[PDB]
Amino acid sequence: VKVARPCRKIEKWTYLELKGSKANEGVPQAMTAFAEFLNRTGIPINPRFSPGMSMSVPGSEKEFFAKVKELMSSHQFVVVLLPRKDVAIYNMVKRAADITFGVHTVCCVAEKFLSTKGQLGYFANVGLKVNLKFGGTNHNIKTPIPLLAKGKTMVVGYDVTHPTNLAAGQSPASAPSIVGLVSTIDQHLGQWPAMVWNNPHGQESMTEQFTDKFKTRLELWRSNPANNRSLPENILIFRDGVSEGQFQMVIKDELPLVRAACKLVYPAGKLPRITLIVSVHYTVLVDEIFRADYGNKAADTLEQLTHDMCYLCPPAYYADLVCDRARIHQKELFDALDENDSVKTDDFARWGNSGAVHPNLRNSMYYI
């Protein structure tokens, strides 16, 4: 199955084999079959990989970084083979690659990567991720609902997660939080660049920051050559992570901040229409787009739109993935939270700074 829009050329890549108790065989042949399958699907990865490195996993994370530094720094892409299904090692590799050295990776368990039976299917899944990491689009929704068709609608998803669990029901409003946000940047809806930020005073910090954060997303859209200095005429916004008791807070305290961002960026008198949707299923909280455009067919036009999303709930799922990966990135913070329920607000903020994705990967789907 050919990808809809091929990513950028992947010219210089290699593998990192992390040794387990039994030695692997046939690794270079598997790497060869891997690149062949990706090409067969229309992903322009160089068939030739640079010779890979094999090493056993060191005792500490600092030792690991020192050992992989040159490999990760000198390639655009590394296929990392784990000795077993091990999310502790995965998470360490992601800190090295996503944060410290800034290189795209796929982590594959060696038994799965190397196994001949079922290999084409596994390589297909991995290849879909690679195509996205490097800027492509996988699936083409060819007959979209009018609203997506025109190439004039931006879709947004965000979630807000609380690193401390106090285990006493819902986190209060002041609890420190981390935001993960994604949005589309073009008509194709393949690419969904992410933003992560920290709210050291919880909702108070969200209120101070969301307008300026959202403004950058509009600016990202406008500066994308594809859109030709255009700003979307519609903005569909999905908020995950709230209970029905918190719907009002989203409408009254968060949405106005998005509106203000639009006021700062748009030509005078040229504001976009906005629809806000939450998920506890999904409930439309504010709608300026669908009733306007579709009268009676409103309900059904959005359910088709969100079904098209499945085919090609992405905004909420992608935003969730962004939050989950942020939790891995901000290791200093989570280590600190194991010792006290509260860390200093200045510490919360600067551990956010320390765990930010490397500029090599800044607008990329590193989280996918």
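Just count from 1 along the sequence shown to find any residue number.
Check the residues of the deposited sequence separating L312 from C313 and report how many of them have no coordinates, as none, 1 to 3, 4 to 9, or 10 or more.
Going from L312 to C313, the model skips 10 or more residues of the deposited sequence.
In terms of residues present in the deposited sequence but not modelled, what lies between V280 and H281: none, 1 to 3, 4 to 9, or 10 or more?
Missing residues, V280 to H281: 4 to 9.
Mean C-alpha B factor from the entry: is it higher for 166-174 or for 183-191?
Stretch with the higher mean C-alpha B-factor: 166-174.
Mean CA temperature factor from the deposited coordinates, higher in 247-255 or in 148-156?
Per the PDB record, 148-156.
Reading the B-factor column of the entry, which of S50, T41, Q330, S56 has the highest value at its C-alpha atom?
Within the set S50, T41, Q330, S56, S56 shows the top C-alpha B-factor.
Would you mind checking which of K263, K94, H75, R229 has the top Cα temperature factor in the PDB entry?
Highest C-alpha B-factor among the listed residues goes to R229.
Ranked by Cα temperature factor within the chain, is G135 in the lowest third, the middle third or the highest third?
Lowest third of the chain for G135's C-alpha B-factor.
When the modelled residues of the chain are sorted by Cα temperature factor, does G241 land in the lowest, middle or highest third?
For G241, whose C-alpha B-factor we compare with every modelled residue in the chain, the answer is the middle third.
Comparing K67 with the other modelled residues of its chain, is its CA B-factor in the lowest, middle or highest third?
Ranked within chain, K67 CA B lands in the middle tercile.
Lowest, middle or highest third of the chain for the C-alpha temperature factor of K142?
For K142, whose C-alpha B-factor we compare with every modelled residue in the chain, the answer is the highest third.
If you rank the chain by CA B-factor, which third does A33 end up in: lowest, middle or highest?
According to the entry, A33 has a C-alpha B-factor in the chain's middle third.
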